[PDB]
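Residues per chain are reported as follows:
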Amino acid sequence: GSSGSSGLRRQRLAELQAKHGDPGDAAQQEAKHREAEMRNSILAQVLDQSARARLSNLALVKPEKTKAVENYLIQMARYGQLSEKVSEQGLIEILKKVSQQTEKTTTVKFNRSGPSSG
């Protein structure tokens, strides 16, 4: 749980902060953590309490399968495919959608947020 600060919506742009060298895993652990917090809110918003129970339930017997589906819903959000909160019926159908369409460990390389002395 957010220990201390939650997240301000500061409205001001500024050049990035090029930090000499690099922390590596030390910092990564943190970055990778946020990537799990944002996705959640994205899956919980695109997946109604109903669809949620359905998915998770599957993640048990088929963790790998369902997993791929999770990413699908996320990417779908950004793009603009998911109109409103998906329901059980819908989700269930999704499971048999991500499989048909090829997919693999796709990573994105870009600058999102720069570190700072703290």
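Method information in the entry identifies solution NMR as the source of the structure.

By the naming in the PDB entry, the protein is Programmed cell death protein 5, taken from Homo sapiens. The title attached to this entry in the PDB is "Solution structure of programmed cell death 5". The record held by UniProt for the protein lists under Function the comment "May function in the process of apoptosis." The UniProt entry for the protein carries the following comment under Sequence similarities: "Belongs to the PDCD5 family."

Q: How would you sum up the environment of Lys-97? Please name residues and give values.
A: Following the sequence through the fold, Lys-97 ends up in helix α4 (residues 88-98). C-alpha separation for the pair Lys-97 and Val-69, spaced 28 residues apart in sequence, amounts to 8.5 Å.

Q: Account for the environment of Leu-43, naming residues and giving values.
A: With respect to the secondary-structure elements, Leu-43 resides in helix α1 (residues 25-46). Sequence separation between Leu-43 and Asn-71 is 28 residues; the distance between their C-alpha atoms is 8.9 Å. For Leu-43, the contacting residues outside a window of four places in its chain are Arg-52, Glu-70, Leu-73 and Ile-74.

Q: Describe helix α2 (residues 49-61), and please don't skip the residues or the numbers.
A: The periodicity of an α-helix, 3.6 residues per turn, causes residues three or four positions apart to be oriented the same way. Within the sequence span of α2, burial applies to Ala-51, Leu-55 and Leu-58. Angular distribution of buried residues about the axis of α2 spans 65 degrees; they occupy a single face of the element. Exposed and facing more than 90 degrees away from the buried side of α2 are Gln-49, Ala-53 and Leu-60. Those residues of α2 hidden inside the fold are in contact with α3 (63-79) and α4.

Q: So what about the side chain of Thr-66? Which residues, and what values?
A: Topologically, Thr-66 is positioned in helix α3. One polar contact links the side chain of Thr-66 to the main-chain carbonyl oxygen of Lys-62, over a distance of 3.0 Å. Contacts of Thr-66, omitting those with residues within four sequence positions, involve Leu-55, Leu-58, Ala-59 and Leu-95.

Cut-offs used in this document
Residues numbered from 1 in each chain as written, not as in the entry; some residues may be left out. Heavy atoms only, no water. UniProt positions renumbered as here; feature names shortened; annotations may be inferred. Helix = DSSP H or I, 4+ residues; strand = E, 2+ residues; numbered from the N terminus. Contact = heavy atoms within 4.5 Å. Buried < 20%, exposed > 50% of the residue type's maximum accessible area, 1.4 Å probe, protein only. Arc of directions from axis to C-beta. Polar contact = N/O pair within 3.5 Å; in protein donor to acceptor, adjacent residues only side chain to side chain.

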